[PDB]
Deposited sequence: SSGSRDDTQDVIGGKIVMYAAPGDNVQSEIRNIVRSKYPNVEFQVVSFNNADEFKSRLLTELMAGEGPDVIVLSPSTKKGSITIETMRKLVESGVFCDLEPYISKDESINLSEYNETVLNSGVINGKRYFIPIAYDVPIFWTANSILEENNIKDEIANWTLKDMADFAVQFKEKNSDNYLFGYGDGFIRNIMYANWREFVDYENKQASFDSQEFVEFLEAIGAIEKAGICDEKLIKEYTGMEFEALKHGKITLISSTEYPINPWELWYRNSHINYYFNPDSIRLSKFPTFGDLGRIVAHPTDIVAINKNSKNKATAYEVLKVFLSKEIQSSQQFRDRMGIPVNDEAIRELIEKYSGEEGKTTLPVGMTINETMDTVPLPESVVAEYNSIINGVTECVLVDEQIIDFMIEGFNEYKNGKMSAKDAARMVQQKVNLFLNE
């Protein structure tokens, strides 16, 4: 029997849950939604997390725990999941004929499988990438080399760039750029299964030295990009930045068409994208979820809560306008398939505030597909681990410690974080 009360909380900027309720109420008209809306971000995070760890809270939990634009960043989301505040979703997925995991990005969905239990469903994710205009790549003679760049190839371009351009930044923008380097390379130094890290290693020292040369070429602040009327595209046109990597906007099909159209406005040009230059001998391309849904372990109306949870995965929700504005890259494969088709055809030839847009070029779609289809794993990482890596890099960058002392400090804090 699908019905009864379902309690769920709404974060300040939430516009998707109202969609879910109408669809959920279209079927099962007996579901009684009790919505608690929040206007303060700190009151939402404080009340939700404290209630879950005290055995209370809403029946269905919608969270944005990473660092994208409208997120409520949670420091130890993975440890919170490991404490068991959410129930295992496998008994519901197994019993349900109507759901089939082949329709979704299974590599991303596996981020919700921790310690052998499907604790949550990631409805959207992000892949750290850097992008720019193609004509800017040809002006720097790296049009055909950034796709095969290593992190040391990028640092060596940054030193050569810093010696060439001494009044412009090489990268933008904000703190999201350096976090993107950590998002792409933390797996190289952290073994969650065995609860140990290898930050006190020659690889991480060279990793810090590589980031140090990259940052010396300049990363403009987020407060310098908002000053431009054309945002990062205008600053790219004026030469203030050359390569862009940011955490604010995951590259959903709309963002790709939006960036390509804006770049074509300032330059006949197209967007060029690439996965982040990574370290190591292995071929890891690591994504992380930005939006998750789960059921409270102490909910007395499960199965009804599971029915509400599934609507977040539907092609209709995942391809909606509200989902595009507030969530990351959708995990429903048909939604991505439908969205790319829309911006690759006549609907991609419209107007954007005003400028004339162009449909996505075949070249851009193939480069986009090579990245999302190239994701090798998707892991929910504790944001605190990423913060430890950054505060270790800042000690070396700010001349407070040597590279080997900063690698040893990160190894300490992370190893004792993994072991409680």
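- No C-alpha positions are given in the record for the deposited-sequence stretches 1 to 10, 278, 365 to 371.
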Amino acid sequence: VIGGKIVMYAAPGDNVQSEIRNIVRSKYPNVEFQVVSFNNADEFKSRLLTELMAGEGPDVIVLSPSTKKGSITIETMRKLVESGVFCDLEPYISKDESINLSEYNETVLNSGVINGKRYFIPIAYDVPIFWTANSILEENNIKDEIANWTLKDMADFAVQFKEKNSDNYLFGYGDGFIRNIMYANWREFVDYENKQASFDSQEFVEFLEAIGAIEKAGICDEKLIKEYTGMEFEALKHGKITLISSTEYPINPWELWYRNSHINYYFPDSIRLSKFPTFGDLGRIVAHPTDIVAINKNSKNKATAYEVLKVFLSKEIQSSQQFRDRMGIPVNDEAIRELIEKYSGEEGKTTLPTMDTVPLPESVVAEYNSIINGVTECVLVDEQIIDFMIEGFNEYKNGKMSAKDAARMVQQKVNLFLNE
From here on, numbers count along this sequence of modelled residues.
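- Comparing the deposited coordinates for 103 to 111 and 145 to 153, the stretch with the larger average C-alpha B-factor is 145 to 153.
- Annotation for 371 to 379 versus 347 to 355: the higher mean temperature factor (C-alpha) is found in 347 to 355.
- Which of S320, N180, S201, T76 has the largest Cα B-factor in the deposited entry comes down to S201.
- The PDB entry assigns its highest CA temperature factor, among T247, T290, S270, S299, to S270.
- Split the chain's modelled residues into thirds by C-alpha temperature factor. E188 is in the middle one.
- The deposited CA B-factor of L137 belongs to the middle third of values across its chain.
- Among the modelled residues of the chain, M401 sits in the highest third by CA temperature factor in this PDB entry.
- Among the modelled residues of the chain, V1 sits in the highest third by CA temperature factor in this PDB entry.
- For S94, the recorded CA B-factor ranks within the middle third of the chain. Only modelled residues enter the ranking.
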